[PDB]
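A.B. asks: Next up is a structure, given as structure tokens.
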2 protein chains.
Amino acid sequence: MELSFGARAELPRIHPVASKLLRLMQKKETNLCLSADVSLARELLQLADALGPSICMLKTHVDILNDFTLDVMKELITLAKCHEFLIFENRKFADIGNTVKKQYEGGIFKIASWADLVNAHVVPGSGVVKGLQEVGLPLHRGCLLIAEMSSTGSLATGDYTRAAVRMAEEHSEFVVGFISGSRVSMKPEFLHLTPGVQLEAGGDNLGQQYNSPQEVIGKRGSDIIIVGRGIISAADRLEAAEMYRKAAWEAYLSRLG
Amino acid sequence: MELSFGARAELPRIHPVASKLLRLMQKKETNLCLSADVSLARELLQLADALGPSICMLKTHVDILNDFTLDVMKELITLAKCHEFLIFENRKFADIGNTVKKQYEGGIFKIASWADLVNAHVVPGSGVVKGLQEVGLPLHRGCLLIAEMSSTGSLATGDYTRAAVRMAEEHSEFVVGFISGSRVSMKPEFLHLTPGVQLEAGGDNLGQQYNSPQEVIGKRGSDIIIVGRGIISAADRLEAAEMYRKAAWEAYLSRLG
Ligand SMILES: O=c1cc(CO)n([C@@H]2O[C@H](COP(=O)(O)O)[C@@H](O)[C@H]2O)c(=O)[nH]1
Ligand SMILES: O=c1cc(CO)n([C@@H]2O[C@H](COP(=O)(O)O)[C@@H](O)[C@H]2O)c(=O)[nH]1
């Protein structure tokens with residue numbers, strides 16, 4: 001039946017990036033992804049260093065960093081290697097393949113040079129994956145497909161979600177999992193990462209909706225929680241991260257039995 | 001029945017950005033949007049200057065510019081004002097409102113400071129529009145919603161397309177039209193902009209599919225053609241732009257009768 005993260009890391013069809021992730025999740029007893037939604041490089045780096053031991057992944061929006069430089073990403077990579085977490089740039093590539101390939105490799109951000117993982121919306125059809133793959137496969141990177149969204153009015157439901165799952169399963173050499181609210185693939189080689197997570201019930205004023213780690217990992221069968229404001233707006237971000245880590249980890253263990 | 005671009009510019013419910021666009025389209029006899037998919041600021045600017053008289057709009061992907069600076073955008077604005085065209089950043093905002101508001105205003109690109117128009121995918125629900133509006137309305141900007149896509153396997157069909165149209169029509173203070181393959185709204189106050197356009201039949205190797213200006217403007221009832229490689233890969237980009245302009249303009253006139 002259900003396998004531990006450590007065993008999933010060894011599955012025949014596992015992607016190397018997924019394997020690296022699954023192994024460090026097991027080693028560190030963390031299935032928490034920090035959503036580092038900050039505008040200052042110094043804050044990003046100080047969070048990455050202090051919280052690194054508590055997280056399996058740090059999710060970036062590099063396009064909201066007021067003082068982005070590639071040197072900032074070099075320093076982030078140093079922390080990622082030191083503390084053992086992956087870097088996930090939440091770029092949401094969402095256009096024709098020819099365009100996304102350039103967006104992934106080029107420009108000022110050079111996302112493919114530092115990001116272990118990126119994500120894509122599936123709305124354009126499988127060309128979005130094919131374009132990204134042309135850059136990501138040579139660079140030994142992975143991709144997540146957005147199969148469901150956390151926000152009110154999300155159209156990523158029903159046949160749309162099914163299409164995302166098929167697209168992932170048909171591009172397993174590059175696609176390693178999903179942004180989703182629940183387990184959407186029955187194949188254990190794929191990771192499920194779930195945003196819209198806080199300990200307390202609520203939402204924001206712009207359509208975000210929250211569920212708890214126990215709900216999303218335990219009841220809905222996801223693997224990793226993505227948490228932004230629940231941690232970032234807290235006074236003690238380290239303690240907050242530990243609370244989220246312990247919640248997500250125990251929900252995982254209990255579901256494993 | 002059908003109104004000229006000039007008359008549409010005066011409609012009671014017209015958005016000011018739409019009005020400005022419609023008036024310059026009529027004045028200049030152009031419903032061509034150049035997709036300036038280049039990596040060099042100098043090429044971007046030289047295209048903008050030479051082709052400015054032939055276009056109603058210049059569409060950017062600032063994240064593929066290797067030498068982006070805000071000064072480049074200042075120079076682009078100077079050309080836009082001189083030649084009378086709008087600047088459209090094809091950012092495809094596609095996340096929860098709280099995130100997109102920061103992506104629109106902030107970061108290195110400060111998109112809202114220079115872009116007349118941006119676009120958004122509707123997959124997250126109407127929060128994507130609400131978040132963007134919080135920045136764009138004060139700055140007197142407009143937004144386009146992606147109702148259909150040109151690429152093979154597009155999921156922007158059926159109820160998804162209907163949802164995009166409703167979302168636009170319910171946020172008319174900020175949303176001024178669509179990226180689509182055809183007329184999708186029956187309300188003349190909304191613009192339809194159509195990518196996937198070349199004179200010759202064909203596609204690319206990454207899921208792009210082409211139709212002609214006569215097909216998309218004439219038969220499918222769209223307003224503006226978005227053209228990248230058909231112009232940019234041509235030797236004489238000025239002549240190419242003129243060919244596309246004259247095609248799209250005559251298709252418009254004939255449909256007007
Ligand atoms: O459906 C989604 C998809 C994404 C992409 O990961 N996100 C992102 O997770 C994070 C949630 O942050 P929060 O915990 O502060 O709401 C944000 O960066 C948001 O853009 C969501 O919140 N919901
Ligand atoms: O459905 C879409 C949506 C977009 C967003 O505008 N686009 C964009 O139009 C342009 C088409 O370029 P081409 O004429 O070279 O194919 C590209 O920048 C591509 O990213 C499309 O090609 N199709």
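By order of appearance in the structure tokens: chains A, B, ..., then residues from 1 within every chain, and ligands from 1 in the order shown.
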Could you list, as a PyMOL selection string, all protein and nucleic acid residues with an atom at most 6 Å from ligand 2, counting only C-alpha atoms and all ligand atoms?
C.D. replies: (chain A and resi 95-96+99) or (chain B and resi 35+37+90+149-150+195-197+227-230)
A.B. asks: Write out as a list in words which residues come within 7 Å of residue 18 in chain B when counting only C-alpha atoms, dropping same-chain ones fewer than 3 positions away.
C.D. replies: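 Once the adjacent positions are removed, what remains is residues 9, 14, 15, 21, 22 and 176 of chain B.
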A.B. asks: Would you pick out the contacts of residue 199 in chain A at 8 Å or less, using only C-alpha atoms, so that residues sharing its chain but fewer than 5 positions from it are not included, and give the list as a ChimeraX atom specification?
C.D. replies: /A:211-213,230,244
A.B. asks: If you run DSSP on this backbone, which residues of range 81-217 of chain B come out as strand (DSSP E or B), and could you give them as number ranges by chain?
C.D. replies: B: 86-93, 117-121, 142-146, 175-179, 191-194, 197, 203, 209, 211
A.B. asks: Counting only C-alpha atoms, a student should be able to say which residues of chain B come within 6 Å of chain A; what is the right answer, written as an MDAnalysis selection string?
C.D. replies: chainID B and resid 63:66 97 103 106:108 123:125 127 151:155 206:207
A.B. asks: Which residue is closest to residue 173 in chain B? Choose from B:115, B:201, B:7, B:17 and count only C-alpha atoms.
C.D. replies: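 Of B:115, B:201, B:7, B:17, the one nearest residue 173 in chain B, counting only C-alpha atoms, is B:17.
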A.B. asks: Could you pull out the alpha helix (DSSP H) residues of range 87-244 of chain B, going by DSSP on the backbone, and write them as an mmCIF file with N, CA, C and O atoms, in the first residue's frame?
C.D. replies:
```cif
data_model
loop_
_atom_site.group_PDB
_atom_site.id
_atom_site.type_symbol
_atom_site.label_atom_id
_atom_site.label_comp_id
_atom_site.auth_asym_id
_atom_site.auth_seq_id
_atom_site.Cartn_x
_atom_site.Cartn_y
_atom_site.Cartn_z
ATOM 1 N N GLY B 97 -5.091 36.622 -5.662
ATOM 2 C CA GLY B 97 -5.015 38.079 -5.716
ATOM 3 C C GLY B 97 -3.893 38.716 -4.925
ATOM 4 O O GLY B 97 -3.283 39.682 -5.356
ATOM 5 N N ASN B 98 -3.623 38.193 -3.723
ATOM 6 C CA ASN B 98 -2.611 38.780 -2.880
ATOM 7 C C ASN B 98 -1.225 38.739 -3.535
ATOM 8 O O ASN B 98 -0.410 39.635 -3.352
ATOM 9 N N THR B 99 -0.943 37.658 -4.262
ATOM 10 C CA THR B 99 0.339 37.496 -4.931
ATOM 11 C C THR B 99 0.433 38.387 -6.165
ATOM 12 O O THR B 99 1.438 39.105 -6.347
ATOM 13 N N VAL B 100 -0.594 38.351 -7.010
ATOM 14 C CA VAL B 100 -0.507 39.092 -8.275
ATOM 15 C C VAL B 100 -0.404 40.600 -8.052
ATOM 16 O O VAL B 100 0.287 41.306 -8.815
ATOM 17 N N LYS B 101 -1.017 41.115 -6.991
ATOM 18 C CA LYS B 101 -0.936 42.549 -6.737
ATOM 19 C C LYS B 101 0.533 42.977 -6.542
ATOM 20 O O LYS B 101 0.974 44.009 -7.027
ATOM 21 N N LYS B 102 1.311 42.146 -5.860
ATOM 22 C CA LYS B 102 2.732 42.436 -5.625
ATOM 23 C C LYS B 102 3.561 42.271 -6.893
ATOM 24 O O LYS B 102 4.491 43.035 -7.153
ATOM 25 N N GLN B 103 3.217 41.260 -7.693
ATOM 26 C CA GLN B 103 3.899 40.997 -8.961
ATOM 27 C C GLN B 103 3.684 42.110 -9.965
ATOM 28 O O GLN B 103 4.552 42.375 -10.779
ATOM 29 N N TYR B 104 2.522 42.745 -9.898
ATOM 30 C CA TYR B 104 2.150 43.805 -10.830
ATOM 31 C C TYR B 104 2.863 45.114 -10.475
ATOM 32 O O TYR B 104 3.371 45.828 -11.340
ATOM 33 N N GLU B 105 2.898 45.437 -9.190
ATOM 34 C CA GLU B 105 3.464 46.719 -8.739
ATOM 35 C C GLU B 105 4.979 46.704 -8.560
ATOM 36 O O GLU B 105 5.692 47.704 -8.799
ATOM 37 N N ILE B 111 5.978 46.544 -13.317
ATOM 38 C CA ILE B 111 5.206 46.487 -14.559
ATOM 39 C C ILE B 111 4.145 47.583 -14.613
ATOM 40 O O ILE B 111 3.959 48.227 -15.642
ATOM 41 N N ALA B 112 3.468 47.816 -13.495
ATOM 42 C CA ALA B 112 2.341 48.770 -13.470
ATOM 43 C C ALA B 112 2.812 50.207 -13.801
ATOM 44 O O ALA B 112 2.008 51.025 -14.244
ATOM 45 N N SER B 113 4.098 50.520 -13.600
ATOM 46 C CA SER B 113 4.613 51.876 -13.836
ATOM 47 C C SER B 113 4.736 52.233 -15.306
ATOM 48 O O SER B 113 4.754 53.422 -15.647
ATOM 49 N N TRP B 114 4.826 51.219 -16.169
ATOM 50 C CA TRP B 114 5.002 51.476 -17.622
ATOM 51 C C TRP B 114 4.017 50.777 -18.571
ATOM 52 O O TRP B 114 3.873 51.194 -19.744
ATOM 53 N N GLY B 127 -10.484 36.536 -7.942
ATOM 54 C CA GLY B 127 -9.447 37.139 -7.101
ATOM 55 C C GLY B 127 -8.238 37.613 -7.892
ATOM 56 O O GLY B 127 -7.575 38.565 -7.513
ATOM 57 N N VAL B 128 -7.947 36.973 -9.024
ATOM 58 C CA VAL B 128 -6.778 37.429 -9.783
ATOM 59 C C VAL B 128 -7.023 38.851 -10.312
ATOM 60 O O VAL B 128 -6.123 39.686 -10.312
ATOM 61 N N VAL B 129 -8.256 39.118 -10.732
ATOM 62 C CA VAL B 129 -8.642 40.434 -11.215
ATOM 63 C C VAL B 129 -8.707 41.438 -10.057
ATOM 64 O O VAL B 129 -8.186 42.539 -10.149
ATOM 65 N N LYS B 130 -9.324 41.047 -8.953
ATOM 66 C CA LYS B 130 -9.435 41.928 -7.776
ATOM 67 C C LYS B 130 -8.074 42.360 -7.249
ATOM 68 O O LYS B 130 -7.871 43.522 -6.893
ATOM 69 N N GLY B 131 -7.127 41.431 -7.196
ATOM 70 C CA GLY B 131 -5.786 41.786 -6.746
ATOM 71 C C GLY B 131 -5.122 42.749 -7.691
ATOM 72 O O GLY B 131 -4.517 43.754 -7.284
ATOM 73 N N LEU B 132 -5.219 42.466 -8.983
ATOM 74 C CA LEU B 132 -4.546 43.337 -9.941
ATOM 75 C C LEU B 132 -5.157 44.747 -9.918
ATOM 76 O O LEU B 132 -4.446 45.747 -10.067
ATOM 77 N N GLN B 133 -6.476 44.805 -9.791
ATOM 78 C CA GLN B 133 -7.244 46.067 -9.789
ATOM 79 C C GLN B 133 -6.786 47.010 -8.704
ATOM 80 O O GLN B 133 -6.803 48.233 -8.860
ATOM 81 N N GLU B 134 -6.393 46.429 -7.574
ATOM 82 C CA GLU B 134 -5.980 47.252 -6.437
ATOM 83 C C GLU B 134 -4.795 48.133 -6.790
ATOM 84 O O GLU B 134 -4.693 49.243 -6.266
ATOM 85 N N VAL B 135 -3.940 47.665 -7.712
ATOM 86 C CA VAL B 135 -2.803 48.437 -8.225
ATOM 87 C C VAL B 135 -3.145 49.194 -9.521
ATOM 88 O O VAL B 135 -2.762 50.365 -9.706
ATOM 89 N N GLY B 136 -3.859 48.519 -10.413
ATOM 90 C CA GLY B 136 -4.096 49.062 -11.752
ATOM 91 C C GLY B 136 -5.122 50.171 -11.808
ATOM 92 O O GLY B 136 -4.996 51.100 -12.615
ATOM 93 N N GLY B 158 -15.071 26.124 -24.013
ATOM 94 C CA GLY B 158 -16.317 25.750 -23.340
ATOM 95 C C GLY B 158 -16.628 26.609 -22.129
ATOM 96 O O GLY B 158 -16.607 27.845 -22.216
ATOM 97 N N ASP B 159 -16.921 25.961 -20.996
ATOM 98 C CA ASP B 159 -17.288 26.667 -19.776
ATOM 99 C C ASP B 159 -16.157 27.563 -19.235
ATOM 100 O O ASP B 159 -16.413 28.528 -18.511
ATOM 101 N N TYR B 160 -14.917 27.208 -19.552
ATOM 102 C CA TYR B 160 -13.752 28.009 -19.139
ATOM 103 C C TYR B 160 -13.802 29.385 -19.843
ATOM 104 O O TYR B 160 -13.649 30.457 -19.213
ATOM 105 N N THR B 161 -14.024 29.350 -21.148
ATOM 106 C CA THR B 161 -14.143 30.559 -21.938
ATOM 107 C C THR B 161 -15.335 31.402 -21.436
ATOM 108 O O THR B 161 -15.215 32.626 -21.278
ATOM 109 N N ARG B 162 -16.466 30.750 -21.152
ATOM 110 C CA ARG B 162 -17.652 31.452 -20.615
ATOM 111 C C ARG B 162 -17.346 32.134 -19.296
ATOM 112 O O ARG B 162 -17.757 33.275 -19.053
ATOM 113 N N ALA B 163 -16.551 31.457 -18.464
ATOM 114 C CA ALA B 163 -16.180 32.004 -17.165
ATOM 115 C C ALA B 163 -15.302 33.241 -17.339
ATOM 116 O O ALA B 163 -15.441 34.202 -16.602
ATOM 117 N N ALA B 164 -14.415 33.221 -18.334
ATOM 118 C CA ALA B 164 -13.556 34.382 -18.616
ATOM 119 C C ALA B 164 -14.377 35.594 -19.035
ATOM 120 O O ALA B 164 -14.140 36.739 -18.606
ATOM 121 N N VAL B 165 -15.362 35.332 -19.883
ATOM 122 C CA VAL B 165 -16.232 36.398 -20.379
ATOM 123 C C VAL B 165 -17.037 37.010 -19.241
ATOM 124 O O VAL B 165 -17.106 38.236 -19.107
ATOM 125 N N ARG B 166 -17.639 36.165 -18.405
ATOM 126 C CA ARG B 166 -18.353 36.672 -17.228
ATOM 127 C C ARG B 166 -17.441 37.495 -16.319
ATOM 128 O O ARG B 166 -17.822 38.551 -15.820
ATOM 129 N N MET B 167 -16.238 36.995 -16.066
ATOM 130 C CA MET B 167 -15.333 37.684 -15.177
ATOM 131 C C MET B 167 -14.969 39.072 -15.732
ATOM 132 O O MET B 167 -14.885 40.051 -14.994
ATOM 133 N N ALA B 168 -14.771 39.162 -17.052
ATOM 134 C CA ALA B 168 -14.489 40.451 -17.672
ATOM 135 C C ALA B 168 -15.678 41.388 -17.517
ATOM 136 O O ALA B 168 -15.550 42.541 -17.098
ATOM 137 N N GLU B 169 -16.853 40.874 -17.858
ATOM 138 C CA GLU B 169 -18.046 41.714 -17.917
ATOM 139 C C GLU B 169 -18.423 42.228 -16.524
ATOM 140 O O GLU B 169 -18.977 43.325 -16.402
ATOM 141 N N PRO B 213 -4.864 36.700 -40.823
ATOM 142 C CA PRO B 213 -5.651 37.876 -40.429
ATOM 143 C C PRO B 213 -7.085 37.853 -40.970
ATOM 144 O O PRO B 213 -8.027 38.179 -40.254
ATOM 145 N N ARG B 229 6.652 36.165 -34.689
ATOM 146 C CA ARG B 229 7.632 35.636 -35.656
ATOM 147 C C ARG B 229 7.314 35.973 -37.111
ATOM 148 O O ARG B 229 8.233 36.141 -37.916
ATOM 149 N N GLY B 230 6.033 36.045 -37.478
ATOM 150 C CA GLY B 230 5.661 36.483 -38.833
ATOM 151 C C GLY B 230 6.296 37.800 -39.256
ATOM 152 O O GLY B 230 6.560 38.030 -40.444
ATOM 153 N N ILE B 231 6.497 38.687 -38.288
ATOM 154 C CA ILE B 231 7.187 39.939 -38.505
ATOM 155 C C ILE B 231 8.648 39.829 -38.071
ATOM 156 O O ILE B 231 9.538 40.145 -38.841
ATOM 157 N N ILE B 232 8.903 39.373 -36.841
ATOM 158 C CA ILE B 232 10.237 39.478 -36.248
ATOM 159 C C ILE B 232 11.302 38.641 -36.982
ATOM 160 O O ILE B 232 12.477 39.036 -37.056
ATOM 161 N N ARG B 237 11.404 43.902 -41.400
ATOM 162 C CA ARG B 237 10.342 43.898 -40.382
ATOM 163 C C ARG B 237 9.316 45.007 -40.629
ATOM 164 O O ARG B 237 8.162 44.877 -40.234
ATOM 165 N N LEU B 238 9.746 46.107 -41.255
ATOM 166 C CA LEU B 238 8.823 47.218 -41.521
ATOM 167 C C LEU B 238 7.803 46.787 -42.576
ATOM 168 O O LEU B 238 6.568 46.897 -42.387
ATOM 169 N N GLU B 239 8.296 46.227 -43.673
ATOM 170 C CA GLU B 239 7.437 45.723 -44.742
ATOM 171 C C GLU B 239 6.517 44.638 -44.206
ATOM 172 O O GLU B 239 5.336 44.587 -44.524
ATOM 173 N N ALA B 240 7.077 43.748 -43.390
ATOM 174 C CA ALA B 240 6.266 42.661 -42.841
ATOM 175 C C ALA B 240 5.104 43.231 -42.017
ATOM 176 O O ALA B 240 3.953 42.821 -42.145
ATOM 177 N N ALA B 241 5.419 44.196 -41.180
ATOM 178 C CA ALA B 241 4.410 44.833 -40.338
ATOM 179 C C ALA B 241 3.342 45.484 -41.201
ATOM 180 O O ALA B 241 2.120 45.353 -40.918
ATOM 181 N N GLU B 242 3.784 46.133 -42.283
ATOM 182 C CA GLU B 242 2.807 46.778 -43.178
ATOM 183 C C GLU B 242 1.901 45.740 -43.829
ATOM 184 O O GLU B 242 0.694 45.963 -43.951
ATOM 185 N N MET B 243 2.463 44.596 -44.221
ATOM 186 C CA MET B 243 1.631 43.543 -44.800
ATOM 187 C C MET B 243 0.589 43.085 -43.806
ATOM 188 O O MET B 243 -0.586 42.897 -44.149
ATOM 189 N N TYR B 244 1.001 42.857 -42.558
ATOM 190 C CA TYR B 244 0.050 42.415 -41.532
ATOM 191 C C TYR B 244 -0.997 43.490 -41.184
ATOM 192 O O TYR B 244 -2.180 43.179 -41.004
#
```
A.B. asks: CA of residue 147 in chain A and CA of residue 5 in chain A are how many Å apart?
C.D. replies: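 For CA of residue 147 in chain A relative to CA of residue 5 in chain A, the distance reads 21.3 Å.
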A.B. asks: Please report the interatomic distance between CA of residue 225 in chain A and CA of residue 245 in chain A in Å with one decimal.
C.D. replies: 8.7 Å
A.B. asks: Here is a test: counting only C-alpha atoms and all ligand atoms, which residue of A:58, A:25, A:72, A:51 is nearest to ligand 1?
C.D. replies: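 Of A:58, A:25, A:72, A:51, the one nearest ligand 1, counting only C-alpha atoms and all ligand atoms, is A:58.
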